[PDB]
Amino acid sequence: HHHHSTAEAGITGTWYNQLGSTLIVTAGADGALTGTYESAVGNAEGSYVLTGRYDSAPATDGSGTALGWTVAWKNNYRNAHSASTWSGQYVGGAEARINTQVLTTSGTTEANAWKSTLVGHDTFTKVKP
């Protein structure tokens, strides 16, 4: 099913997901995403560093803008020994969204690697749900 036939201004700022988490991101001119993430759930307290990338020249045919970012869940307060990656697309307009699927991998022994990774889906909006 996979194949092949500003974003910057739209992405930069604060976003909120359906769990009550807060994303604070700056999109750089050459594809960088940098900022912080605060999770409303899980083994998390305060803000965590986030870094990622986005397509800085997306298609102009009504398609979304591909992007992704990572948070390692270690900061000055807690270390969950886990990291999450969100993969998705930014959809602009009056009801802008970042629609993502997210993998959360915990450090495990080899015996437990089969249960290392969660998959979920987060939808981000510019106003709090």
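Quick note: we count residues from 1 along the sequence shown, nothing fancier.
- Unmodelled stretch separating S5 from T6: 10 or more residues (count of deposited-sequence residues without coordinates).
- Set 85 to 93 against 57 to 65 and average the Cα temperature factors; 57 to 65 ends up higher.
- Comparing 117 to 125 with 21 to 29, the higher mean C-alpha B-factor in the PDB entry belongs to 21 to 29.
- When the CA B factors of the chain's modelled residues are split into thirds, the value for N76 lands in the highest one.
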